[PDB]
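Engineer: So that you have it, the file is work.cif, and it contains mmCIF, C-alpha atoms:
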```
data_start
loop_
_atom_site.group_PDB
_atom_site.id
_atom_site.type_symbol
_atom_site.label_atom_id
_atom_site.label_comp_id
_atom_site.auth_asym_id
_atom_site.auth_seq_id
_atom_site.Cartn_x
_atom_site.Cartn_y
_atom_site.Cartn_z
ATOM 1 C CA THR G 79 25.746 -7.058 86.451
ATOM 2 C CA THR G 80 28.417 -8.490 84.120
ATOM 3 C CA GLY G 81 25.955 -11.266 83.338
ATOM 4 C CA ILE G 82 26.118 -12.731 86.851
ATOM 5 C CA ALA G 83 23.886 -12.798 89.933
ATOM 6 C CA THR G 84 23.923 -14.261 93.453
ATOM 7 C CA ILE G 85 21.966 -17.475 94.035
ATOM 8 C CA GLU G 86 20.089 -17.456 97.357
ATOM 9 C CA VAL G 87 19.799 -21.208 97.817
ATOM 10 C CA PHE G 88 18.443 -22.993 100.907
ATOM 11 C CA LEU G 89 19.910 -26.087 102.550
ATOM 12 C CA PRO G 90 18.112 -28.469 104.928
ATOM 13 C CA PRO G 91 18.244 -28.808 108.726
ATOM 14 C CA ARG G 92 19.809 -32.259 109.178
ATOM 15 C CA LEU G 93 23.093 -31.170 107.558
ATOM 16 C CA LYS G 94 23.914 -29.049 110.585
ATOM 17 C CA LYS G 95 25.353 -25.732 109.376
ATOM 18 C CA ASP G 96 23.971 -22.257 108.778
ATOM 19 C CA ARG G 97 20.480 -23.548 108.040
ATOM 20 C CA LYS G 98 20.438 -21.580 104.777
ATOM 21 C CA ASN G 99 23.930 -22.457 103.549
ATOM 22 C CA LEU G 100 24.218 -20.419 100.370
ATOM 23 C CA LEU G 101 25.498 -22.212 97.265
ATOM 24 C CA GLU G 102 27.853 -19.895 95.414
ATOM 25 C CA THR G 103 29.353 -20.871 92.061
ATOM 26 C CA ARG G 104 29.412 -20.030 88.369
ATOM 27 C CA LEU G 105 26.380 -20.411 86.115
ATOM 28 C CA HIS G 106 27.957 -21.421 82.784
ATOM 29 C CA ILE G 107 28.929 -25.077 83.375
ATOM 30 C CA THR G 108 26.140 -27.585 82.728
ATOM 31 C CA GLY G 109 23.711 -28.960 85.285
ATOM 32 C CA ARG G 110 25.913 -32.041 85.385
ATOM 33 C CA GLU G 111 28.512 -29.487 86.453
ATOM 34 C CA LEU G 112 25.782 -27.751 88.458
ATOM 35 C CA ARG G 113 25.431 -30.527 91.018
ATOM 36 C CA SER G 114 29.202 -30.584 90.566
ATOM 37 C CA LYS G 115 29.386 -26.890 91.483
ATOM 38 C CA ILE G 116 26.262 -26.744 93.650
ATOM 39 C CA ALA G 117 28.156 -29.416 95.574
ATOM 40 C CA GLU G 118 31.793 -28.393 95.099
ATOM 41 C CA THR G 119 31.742 -24.872 96.540
ATOM 42 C CA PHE G 120 29.943 -25.165 99.895
ATOM 43 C CA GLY G 121 30.773 -28.820 100.553
ATOM 44 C CA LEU G 122 28.024 -31.006 99.118
ATOM 45 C CA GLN G 123 28.024 -34.243 97.154
ATOM 46 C CA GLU G 124 27.789 -33.895 93.387
ATOM 47 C CA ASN G 125 25.351 -36.800 93.735
ATOM 48 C CA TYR G 126 23.617 -36.188 97.092
ATOM 49 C CA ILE G 127 21.766 -32.848 96.705
ATOM 50 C CA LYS G 128 18.806 -31.565 94.673
ATOM 51 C CA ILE G 129 18.289 -27.829 94.176
ATOM 52 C CA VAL G 130 14.655 -26.735 93.781
ATOM 53 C CA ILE G 131 15.590 -23.430 92.198
ATOM 54 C CA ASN G 132 13.342 -20.330 92.193
ATOM 55 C CA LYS G 133 10.055 -22.201 92.677
ATOM 56 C CA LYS G 134 11.468 -24.594 90.061
ATOM 57 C CA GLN G 135 13.831 -27.568 89.982
ATOM 58 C CA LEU G 136 17.332 -28.016 88.591
ATOM 59 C CA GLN G 137 17.391 -29.526 85.109
ATOM 60 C CA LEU G 138 20.965 -30.691 85.491
ATOM 61 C CA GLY G 139 20.873 -32.162 82.009
ATOM 62 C CA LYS G 140 21.132 -28.493 81.012
ATOM 63 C CA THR G 141 23.522 -25.746 82.066
ATOM 64 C CA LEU G 142 22.557 -23.178 84.691
ATOM 65 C CA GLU G 143 22.003 -20.672 81.888
ATOM 66 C CA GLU G 144 19.586 -22.983 80.062
ATOM 67 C CA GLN G 145 18.047 -25.446 82.559
ATOM 68 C CA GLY G 146 15.537 -22.926 83.894
ATOM 69 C CA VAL G 147 17.973 -22.246 86.712
ATOM 70 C CA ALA G 148 20.018 -19.073 86.347
ATOM 71 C CA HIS G 149 21.881 -16.411 88.293
ATOM 72 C CA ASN G 150 20.114 -15.149 91.439
ATOM 73 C CA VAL G 151 17.788 -18.167 91.314
ATOM 74 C CA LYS G 152 16.886 -19.101 94.899
ATOM 75 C CA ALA G 153 16.518 -22.805 95.698
ATOM 76 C CA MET G 154 15.575 -25.066 98.600
ATOM 77 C CA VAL G 155 18.326 -27.678 98.811
ATOM 78 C CA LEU G 156 16.148 -30.497 100.137
ATOM 79 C CA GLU G 157 18.196 -32.896 102.244
ATOM 80 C CA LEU G 158 17.787 -35.466 99.485
ATOM 81 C CA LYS G 159 19.281 -38.577 101.069
ATOM 82 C CA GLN G 160 20.704 -39.172 97.576
ATOM 83 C CA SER G 161 21.610 -36.913 94.660
ATOM 84 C CA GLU G 162 19.339 -34.435 92.977
ATOM 85 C CA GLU G 163 19.067 -37.012 90.196
ATOM 86 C CA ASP G 164 19.693 -39.740 92.778
ATOM 87 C CA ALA G 165 16.888 -38.234 94.806
ATOM 88 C CA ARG G 166 15.303 -37.665 91.403
ATOM 89 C CA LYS G 167 15.910 -41.346 92.198
ATOM 90 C CA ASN G 168 15.644 -41.123 96.006
ATOM 91 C CA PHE G 169 13.400 -38.119 96.703
ATOM 92 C CA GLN G 170 11.764 -39.311 93.455
ATOM 93 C CA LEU G 171 11.563 -42.887 94.784
ATOM 94 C CA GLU G 172 8.687 -40.957 96.389
ATOM 95 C CA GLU G 173 8.647 -38.365 93.518
ATOM 96 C CA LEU X 391 4.946 -45.818 107.086
ATOM 97 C CA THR X 392 8.661 -44.911 107.066
ATOM 98 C CA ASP X 393 10.457 -48.280 107.154
ATOM 99 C CA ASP X 394 8.422 -51.001 105.374
ATOM 100 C CA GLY X 395 5.958 -48.768 103.554
ATOM 101 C CA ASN X 396 6.320 -50.495 100.197
ATOM 102 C CA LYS X 397 5.265 -53.653 102.028
ATOM 103 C CA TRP X 398 2.443 -51.871 103.856
ATOM 104 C CA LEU X 399 0.884 -50.079 100.896
ATOM 105 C CA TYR X 400 1.130 -53.080 98.561
ATOM 106 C CA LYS X 401 -1.780 -54.526 100.574
ATOM 107 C CA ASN X 402 -3.978 -51.588 99.512
ATOM 108 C CA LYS X 403 -5.776 -51.705 96.157
ATOM 109 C CA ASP X 404 -5.509 -48.406 94.282
ATOM 110 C CA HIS X 405 -7.393 -45.941 96.471
ATOM 111 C CA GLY X 406 -5.877 -47.725 99.440
ATOM 112 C CA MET X 407 -2.470 -46.803 98.053
ATOM 113 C CA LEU X 408 -3.606 -43.197 97.611
ATOM 114 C CA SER X 409 -4.561 -42.851 101.271
ATOM 115 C CA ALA X 410 -1.454 -44.552 102.650
ATOM 116 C CA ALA X 411 0.948 -42.513 100.517
ATOM 117 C CA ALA X 412 -0.691 -39.223 101.493
ATOM 118 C CA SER X 413 -0.325 -40.020 105.192
ATOM 119 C CA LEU X 414 3.422 -40.123 104.537
ATOM 120 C CA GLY X 415 3.326 -36.356 104.116
ATOM 121 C CA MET X 416 0.891 -35.783 106.980
ATOM 122 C CA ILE X 417 3.045 -37.928 109.259
ATOM 123 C CA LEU X 418 5.690 -35.223 108.754
ATOM 124 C CA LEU X 419 4.055 -31.813 108.491
ATOM 125 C CA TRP X 420 5.844 -28.478 108.590
ATOM 126 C CA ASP X 421 9.121 -29.912 107.310
ATOM 127 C CA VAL X 422 9.705 -29.133 103.638
ATOM 128 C CA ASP X 423 13.052 -30.874 104.087
ATOM 129 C CA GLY X 424 12.569 -33.730 106.538
ATOM 130 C CA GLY X 425 9.182 -34.675 105.141
ATOM 131 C CA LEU X 426 10.267 -34.025 101.561
ATOM 132 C CA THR X 427 13.182 -36.322 102.387
ATOM 133 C CA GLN X 428 10.722 -38.630 104.095
ATOM 134 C CA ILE X 429 9.100 -38.264 100.656
ATOM 135 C CA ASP X 430 11.723 -40.319 98.798
ATOM 136 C CA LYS X 431 10.687 -44.005 98.690
ATOM 137 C CA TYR X 432 7.143 -44.459 97.233
ATOM 138 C CA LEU X 433 5.409 -41.916 94.847
ATOM 139 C CA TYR X 434 7.483 -43.366 91.923
ATOM 140 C CA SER X 435 5.799 -46.734 92.697
ATOM 141 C CA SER X 436 5.452 -49.644 90.267
ATOM 142 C CA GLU X 437 1.774 -48.838 90.699
ATOM 143 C CA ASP X 438 2.529 -45.214 89.857
ATOM 144 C CA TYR X 439 -1.160 -44.686 90.632
ATOM 145 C CA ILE X 440 0.034 -43.913 94.173
ATOM 146 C CA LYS X 441 1.760 -40.842 92.757
ATOM 147 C CA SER X 442 -1.363 -38.924 93.722
ATOM 148 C CA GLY X 443 -0.724 -40.363 97.171
ATOM 149 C CA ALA X 444 2.662 -38.708 97.617
ATOM 150 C CA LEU X 445 1.418 -35.666 95.711
ATOM 151 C CA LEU X 446 -1.111 -35.146 98.495
ATOM 152 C CA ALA X 447 1.792 -35.807 100.853
ATOM 153 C CA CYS X 448 3.822 -33.388 98.743
ATOM 154 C CA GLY X 449 1.081 -30.771 98.961
ATOM 155 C CA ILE X 450 0.113 -31.655 102.530
ATOM 156 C CA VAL X 451 3.628 -31.055 103.846
ATOM 157 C CA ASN X 452 3.541 -27.505 102.503
ATOM 158 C CA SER X 453 0.072 -26.907 103.974
ATOM 159 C CA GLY X 454 0.102 -24.617 106.990
ATOM 160 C CA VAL X 455 3.476 -23.157 105.967
ATOM 161 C CA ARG X 456 5.102 -21.156 103.181
ATOM 162 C CA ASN X 457 8.640 -21.729 101.893
ATOM 163 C CA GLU X 458 10.456 -19.095 99.851
ATOM 164 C CA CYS X 459 11.442 -21.751 97.299
ATOM 165 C CA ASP X 460 7.818 -22.594 96.408
ATOM 166 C CA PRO X 461 8.224 -26.398 96.443
ATOM 167 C CA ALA X 462 4.536 -27.224 96.037
ATOM 168 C CA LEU X 463 4.145 -25.682 92.583
ATOM 169 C CA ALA X 464 7.452 -27.057 91.302
ATOM 170 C CA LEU X 465 6.920 -30.761 91.979
ATOM 171 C CA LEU X 466 3.144 -30.748 91.501
ATOM 172 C CA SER X 467 3.022 -28.677 88.308
ATOM 173 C CA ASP X 468 4.828 -31.307 86.238
ATOM 174 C CA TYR X 469 2.108 -33.839 87.123
ATOM 175 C CA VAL X 470 -1.035 -31.683 87.354
ATOM 176 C CA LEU X 471 -1.125 -32.136 83.574
ATOM 177 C CA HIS X 472 -0.378 -35.857 83.939
ATOM 178 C CA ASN X 473 -2.888 -37.664 81.756
ATOM 179 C CA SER X 474 -3.681 -40.422 84.251
ATOM 180 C CA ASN X 475 -6.733 -39.334 86.224
ATOM 181 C CA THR X 476 -5.407 -40.588 89.558
ATOM 182 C CA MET X 477 -2.041 -38.879 89.088
ATOM 183 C CA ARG X 478 -3.862 -35.545 88.846
ATOM 184 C CA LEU X 479 -6.113 -36.062 91.873
ATOM 185 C CA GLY X 480 -3.141 -35.846 94.218
ATOM 186 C CA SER X 481 -1.662 -32.942 92.278
ATOM 187 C CA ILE X 482 -4.536 -30.460 92.497
ATOM 188 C CA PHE X 483 -5.657 -31.578 95.958
ATOM 189 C CA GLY X 484 -2.181 -31.629 97.466
ATOM 190 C CA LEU X 485 -1.433 -28.263 95.894
ATOM 191 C CA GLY X 486 -4.566 -26.797 97.450
ATOM 192 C CA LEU X 487 -3.497 -27.942 100.900
ATOM 193 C CA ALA X 488 -0.002 -26.499 100.515
ATOM 194 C CA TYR X 489 -1.062 -22.992 99.441
ATOM 195 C CA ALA X 490 -4.471 -22.885 101.124
ATOM 196 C CA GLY X 491 -5.346 -19.226 101.536
ATOM 197 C CA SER X 492 -2.156 -18.125 99.803
ATOM 198 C CA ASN X 493 -4.208 -16.644 96.944
ATOM 199 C CA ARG X 494 -1.009 -16.669 94.892
ATOM 200 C CA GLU X 495 -1.818 -15.615 91.345
ATOM 201 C CA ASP X 496 0.619 -18.087 89.782
ATOM 202 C CA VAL X 497 -0.769 -21.220 91.437
ATOM 203 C CA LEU X 498 -4.291 -19.844 90.990
ATOM 204 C CA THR X 499 -3.505 -19.217 87.323
ATOM 205 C CA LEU X 500 -1.908 -22.645 86.889
ATOM 206 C CA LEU X 501 -5.004 -24.148 88.498
ATOM 207 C CA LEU X 502 -7.080 -22.211 85.961
ATOM 208 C CA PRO X 503 -6.432 -24.583 83.014
ATOM 209 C CA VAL X 504 -7.323 -27.539 85.240
ATOM 210 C CA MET X 505 -10.918 -26.300 85.348
ATOM 211 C CA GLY X 506 -11.092 -26.010 81.559
ATOM 212 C CA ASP X 507 -9.176 -29.214 80.821
ATOM 213 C CA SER X 508 -12.055 -31.271 79.441
ATOM 214 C CA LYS X 509 -9.961 -34.446 79.479
ATOM 215 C CA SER X 510 -9.883 -34.143 83.272
ATOM 216 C CA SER X 511 -12.365 -36.529 84.841
ATOM 217 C CA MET X 512 -15.100 -35.183 87.099
ATOM 218 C CA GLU X 513 -13.305 -36.430 90.215
ATOM 219 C CA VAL X 514 -10.323 -34.459 88.945
ATOM 220 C CA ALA X 515 -12.654 -31.492 88.482
ATOM 221 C CA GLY X 516 -14.371 -31.645 91.863
ATOM 222 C CA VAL X 517 -11.050 -31.648 93.681
ATOM 223 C CA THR X 518 -9.884 -29.044 91.172
ATOM 224 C CA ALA X 519 -12.553 -26.508 92.120
#
```
Translate the structure described by the file into structure tokens.
Structural biologist:
Amino acid sequence: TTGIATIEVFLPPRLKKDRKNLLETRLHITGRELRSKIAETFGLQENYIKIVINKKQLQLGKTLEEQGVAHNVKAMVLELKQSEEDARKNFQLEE
Amino acid sequence: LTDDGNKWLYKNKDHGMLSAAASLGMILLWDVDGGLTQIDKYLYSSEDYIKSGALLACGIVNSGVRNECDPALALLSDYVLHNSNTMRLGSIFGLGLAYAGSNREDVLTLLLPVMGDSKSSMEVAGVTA
């Protein structure tokens, strides 16, 4: 409704919290803002979390309305020892 | 395989790299987070040939389990079409391990073009089927 949905994201075990710590935020600011907002709301680093969103991956070069991510788009927040892009550098060191 | 792996693998020539990288995922099964985070120091290797190695590790980690976020298709799909023959070997094989018996139409469909991709080498095909 009202062009918005709830993202059911998944966080990892090592960051000890509610294992699936949801990641609530807007969807209009760019993916650069996405890791900014995927990190700002529920206490994550803008550059220490990747969000594999709805069987896909964040394209943080694009906004959440354009990067393939969107509202309601569930993601596994791998405990990427560096950013999404920095685990697109770290998790991608082996990816 | 978790501390000096770059050193360890470097003494394996091609297929040696493939095997060593894949064990990285099998060393940590049933952890799409810990393993996938133990999957962050090799695959993008200067000999990117080992990408199949972590792709098997990528697929292997998801084998025997199912995550709601469908990690196996996401990471693997972008490289199942990778032109390099070795890059694809890990993709299709690792994907098969991850979703073995899943029968998911998407992954099955995505695997469909692999069969018909003539450019794919036979070794790509045999693993593909």
Engineer: Expand the PyMOL selection byres ((chain X) within 6 of (chain G)) into the individual residues it matches in the shown file, reporting them as a ChimeraX atom specification.
Structural biologist: /X:423,427,429-434,459-461,464
Engineer: Smallest atom-to-atom distance to residue 479 (chain X): which of X:452, X:435, X:457, X:442, using all atoms listed in the file?
Structural biologist: X:442
Engineer: What lies within 8 Å of residue 421 (chain X) using only C-alpha atoms, ignoring chain neighbours under 3 positions off, as a PyMOL selection string?
Structural biologist: chain X and resi 418+424-426+451-452
Engineer: Axis-aligned box over every listed atom of region 429-440 of chain X, padded by 6 Å per side: centre and edges in Å to one decimal, as lines of an AutoDock Vina configuration file?
Structural biologist:
```
center_x = 5.3
center_y = -44.0
center_z = 95.3
size_x = 24.9
size_y = 23.4
size_z = 22.8
```
Engineer: Could you please determine the separation between CA of residue 449 (chain X) and CA of residue 487 (chain X) in Å, to one decimal place?
Structural biologist: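 About the pair CA of residue 449 (chain X) and CA of residue 487 (chain X): they are 5.7 Å apart.
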Engineer: Taking the file as shown, what set of residues would the PyMOL selection byres ((chain X and resi 415) around 6) give back, as number ranges by chain?
Structural biologist: X: 412-414, 416-418, 447, 450-451
Engineer: Could you work out how far CA of residue 466 (chain X) lies from CA of residue 95 (chain G), giving the answer in Å with one decimal?
Structural biologist: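 About the pair CA of residue 95 (chain G) and CA of residue 466 (chain X): they are 28.9 Å apart.
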Engineer: Which residue, X:483, X:398, X:420, X:439, has the smallest gap to residue 515 (chain X) when you use all atoms listed in the file?
Structural biologist: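 Nearest candidate to residue 515 (chain X) out of X:483, X:398, X:420, X:439: X:483.
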Engineer: Between G:108, G:161, G:117, G:124, single out the one closest to residue 138 (chain G), counting all atoms listed in the file.
Structural biologist: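 Of G:108, G:161, G:117, G:124, the one nearest residue 138 (chain G) is G:108, counting all atoms listed in the file.
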Engineer: For residue 494 (chain X), please output as a PyMOL selection string all residues within 12 Å (counting only C-alpha atoms; exclusion window: fewer than 6 positions along the same chain).
Structural biologist: chain X and resi 456+460+462-463+485-486+488+500-501
Engineer: Mind pulling up the distance from CA of residue 137 (chain G) to CA of residue 110 (chain G)?
Structural biologist: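 Computed distance, CA of residue 110 (chain G) to CA of residue 137 (chain G), equals 8.9 Å.
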Engineer: Would you pick out the contacts of residue 141 (chain G) at 8 Å or less, using all atoms listed in the file, so that residues sharing its chain but fewer than 5 positions from it are not included, and give the list as a PyMOL selection string?
Structural biologist: chain G and resi 105-112
Engineer: Please provide as a PyMOL selection string all residues within 8 Å of residue 510 (chain X), with the sequence filter that same-chain residues fewer than 6 positions apart are discarded (counting only C-alpha atoms).
Structural biologist: chain X and resi 473+475+504
Engineer: Give the answer as one residue: which of G:145, G:122, G:150, G:113 has the shortest atom-to-atom distance to residue 99 (chain G), using all atoms listed in the file?
Structural biologist: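 Counting all atoms listed in the file, the residue closest to residue 99 (chain G) is G:122.
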Engineer: For residue 437 (chain X), work out the shell of residues within 12 Å, counting all atoms listed in the file and skipping chain neighbours fewer than 2 positions away, then give it as a CSV table (one decimal) with C-alpha atoms, in the coordinates of the input.
Structural biologist:
```
chain,number,residue,atom,x,y,z
G,172,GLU,CA,8.7,-41.0,96.4
X,396,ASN,CA,6.3,-50.5,100.2
X,399,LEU,CA,0.9,-50.1,100.9
X,400,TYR,CA,1.1,-53.1,98.6
X,401,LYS,CA,-1.8,-54.5,100.6
X,402,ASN,CA,-4.0,-51.6,99.5
X,403,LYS,CA,-5.8,-51.7,96.2
X,404,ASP,CA,-5.5,-48.4,94.3
X,405,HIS,CA,-7.4,-45.9,96.5
X,406,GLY,CA,-5.9,-47.7,99.4
X,407,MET,CA,-2.5,-46.8,98.1
X,408,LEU,CA,-3.6,-43.2,97.6
X,411,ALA,CA,0.9,-42.5,100.5
X,432,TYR,CA,7.1,-44.5,97.2
X,433,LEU,CA,5.4,-41.9,94.8
X,434,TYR,CA,7.5,-43.4,91.9
X,435,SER,CA,5.8,-46.7,92.7
X,439,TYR,CA,-1.2,-44.7,90.6
X,440,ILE,CA,0.0,-43.9,94.2
X,441,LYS,CA,1.8,-40.8,92.8
X,442,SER,CA,-1.4,-38.9,93.7
X,443,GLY,CA,-0.7,-40.4,97.2
X,474,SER,CA,-3.7,-40.4,84.3
X,476,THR,CA,-5.4,-40.6,89.6
X,477,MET,CA,-2.0,-38.9,89.1
```
Engineer: Using all atoms listed in the file, pick whichever of G:149, G:162, G:140, G:93 has the shortest atom-to-atom distance to residue 121 (chain G).
Structural biologist: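 Answer, going by the shortest atom-to-atom distance: G:93.
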Engineer: Between G:116, G:144, G:125, G:83, single out the one closest to residue 100 (chain G), counting all atoms listed in the file.
Structural biologist: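 Once distances to residue 100 (chain G) are computed over all atoms listed in the file, the minimum belongs to G:116.
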